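Overview (structure and organization)
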Amino acid sequence: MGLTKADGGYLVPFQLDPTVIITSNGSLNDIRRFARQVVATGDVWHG
Amino acid sequence: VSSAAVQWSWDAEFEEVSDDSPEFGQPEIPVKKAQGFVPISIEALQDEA
């Protein structure tokens, strides 16, 4: 009788960590720190 | 409910009366439905004034 499932390993509680880990890379970009940002009202901006 | 009027008559002495039962009728009015519909985009609902 050890830790194998068929020899008593079915009595051990199952442990889970509900938190999720992000596995993507993402992107870090810096245009918006230098560029000119405007707020529009319709669907087209002219100049 | 609709009906008509009883039809009297001028009768002599010792004269049998006539059967003057009225005749009823019932109007009927069914109810019908009308609908109108116009969709909109999410874009226009925000941009248009």
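Note on numbering: positions run from 1 along each chain as its sequence is written and may not match the entry's numbering; residues without coordinates are not listed. Written order determines the labels here, with chains lettered from A and ligands numbered from 1. What you see is a piece of a larger assembly; the numbers all apply to this piece alone. Just so you know, side-chain values use all the structure's heavy atoms and leave hydrogens and water out.

Judging from the entry metadata, cryo-EM is the method by which this structure was determined, and 3.42 Å is the reported resolution.

As recorded by the PDB entry, chain B carries the name Phage capsid-like C-terminal domain-containing protein and is attributed to Mycolicibacterium phage Mycofy1. Listed as the entry title in the PDB record is "Top cap of bacteriophage Mycofy1 mature head (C5 symmetry)".

If you check the PDB entry, chain A appears there as Phage capsid-like C-terminal domain-containing protein from Mycolicibacterium phage Mycofy1.

Looking only at helices and strands, chain A has zero helices and zero strands in total. For chain A, the C-alpha atoms occupy an extent of roughly 80 × 25 × 10 Å along the three principal directions. Burial classification: accessible surface area is computed with a 1.4 Å probe over protein chains only, and a residue below 20% of its type maximum counts as buried, one above 50% as exposed, and the rest as partly exposed. Considering chain A as a whole, with its 47 residues, one finds that 2% of them fall into the buried category. When the accessible surface of chain A is summed, it comes to about 5,500 Å², and 59% of that surface belongs to carbon and sulfur atoms. Taking the average location of the 4 positive side-chain charges in chain A and that of its 4 negative ones, the two points are 14 Å from each other. What counts as a helix is a DSSP run of H or I of at least four residues, what counts as a strand is a run of E of at least two, and both are numbered from the N terminus. The method behind every accessible area is Shrake-Rupley, applied with a 1.4 Å probe, and residues are considered shielded solely by the protein chains displayed. Here the positive residues are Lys and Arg and the negative ones are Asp and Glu; neither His nor the chain ends is included. Charge positions come from single atoms, namely NZ of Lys, CZ of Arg, CG of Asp or CD of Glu.

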